[PDB]
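Following: one structure in structure tokens, then a few remarks.
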Amino acid sequence: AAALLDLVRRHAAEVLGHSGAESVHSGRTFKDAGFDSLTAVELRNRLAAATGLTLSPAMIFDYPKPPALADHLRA
Amino acid sequence: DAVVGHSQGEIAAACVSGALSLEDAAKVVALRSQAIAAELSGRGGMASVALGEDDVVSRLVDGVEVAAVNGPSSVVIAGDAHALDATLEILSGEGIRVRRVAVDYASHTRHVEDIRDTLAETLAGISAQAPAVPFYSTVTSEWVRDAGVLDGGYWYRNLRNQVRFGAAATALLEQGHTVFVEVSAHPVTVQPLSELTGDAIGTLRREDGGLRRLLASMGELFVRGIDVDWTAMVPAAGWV
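In the order they appear, the protein sequences are chains C and A.
Counting in the deposited numbering, the first sequence runs from 1502 upward without gaps.
Counting in the deposited numbering, the second sequence runs from 627 upward without gaps.
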């Protein structure tokens, strides 16, 4: 799921305008990076389009850790 | 297609539903606010919890009424100042996320019963018509289609009773309504709607009152397929 985590970090960085996947550490929580509800919804749209899976707009609060969200997306 | 309000926002709903007049709604809201200032001032506060009605009720101590049910995980309560203080200390011990609002009163509670007579004396029996815009209320959680229903007593009950906001939102979803645009200078309730359906847009933002924010708002509206009368913004020019 390393590719999944890398894609998640890159997509979140592009949502927030960050340089890339490295600029957002996987250990950092989603709220710590500066995400908000609308931005969280935008990342929800991005990830749902990327994987095609049905993703709720509220998963960010459930899995603030990017590795946790990536592992959930794995299943 | 439909208009929904929330507490004082419902007044604007009337003012735009076509059931009232602009002067009528303006006067009514002015008198309501004046009465609240004259009497309710310095008498309580609002506390919100990111939980449902069940969770909040299960540990609510005496002296607190549930103010509004914004959804399955968003419930706000209004009541006396120190009763709310005790409740928030209890939840702080419990660690459940909560918040307070810088308000000096409590709406949708028994305190509303103090000035019902004054509300009647201010003005009552306003000429409420059938709303041209299909208006779905939250006090009754049902569309109102008849003239004269939206009387001063109706506004008293609106100030008095609670809000089934989340249930109304789910009902509107079941009624085929998907696009939910919020008319507010700051995003106010887009988050619960996103948790419910994930498609809602705020109009403006705090400290972002410039034209660019407004243009971005109509842009996001247009992207989702809604037609926009762009040419009103920009006049004609030369040939390119």
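Ideal Cβ positions, reconstructed from N, Cα and C, are used throughout, including at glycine.
- Separation of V1525(C) and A1502(C) (C-alpha to C-alpha, rounded to the nearest whole angstrom) is 17 Å.
- Taking the CA atoms as reference points, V765(A) sits about 6 Å from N784(A).
- The beta carbons of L1517(C) and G1528(C) sit no closer together than 8 Å.
- In the DSSP assignment, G705(A) is bridged to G671(A) and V690(A).
- In this structure, DSSP gives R723(A) a state outside helix and strand, which the three-state scheme calls coil.
- Listed along chain C are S1538 and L1539, each with a C-beta nearer than 7 Å to that of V816(A).
- The C-beta distance from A704(A) to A693(A) rounds to 4 Å, short enough to fall under 8 Å.
- Just so you know, the alpha carbons of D772(A) and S659(A) end up roughly 26 Å apart.
- Contacts with chain A (Cβ-Cβ distance below 7 Å) from the region 1546-1563 of chain C involve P1558 and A1559, listed in chain order.
- With the rule of 3 Cβ pairs closer than 8 Å, the region 667-677 of chain A counts as touching the region 706-726 of chain A.
- Nearest neighbour of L717(A) by Cα position, chosen from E739(A), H734(A) and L686(A), turns out to be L686(A).
- Collapsing the DSSP output to three states places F1536(C) in coil.
- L822(A) and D730(A) have their C-alpha atoms some 31 Å from each other.
- Around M844(A), the same chain offers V854 as residues with beta carbons nearer than 6 Å, after the five sequence neighbours per side are excluded.
- The beta carbon of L1508(C) sits closer than 7 Å to those of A1551, all from its chain and outside the five residues before and after it, given in chain order.
- The shortest C-alpha to C-alpha distance from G631(A) to any of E800(A), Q788(A), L657(A) and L847(A) is the one to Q788(A).
- With a beta-carbon spacing of about 5 Å, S767(A) and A794(A) fall inside the 8 Å limit used to define contacts.
- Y782(A) and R831(A) do not touch by the CB rule: their CB atoms are close to 34 Å apart, not below 8 Å.
- The residue among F806(A), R786(A) and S753(A) with its C-alpha nearest the C-alpha of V775(A) is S753(A).
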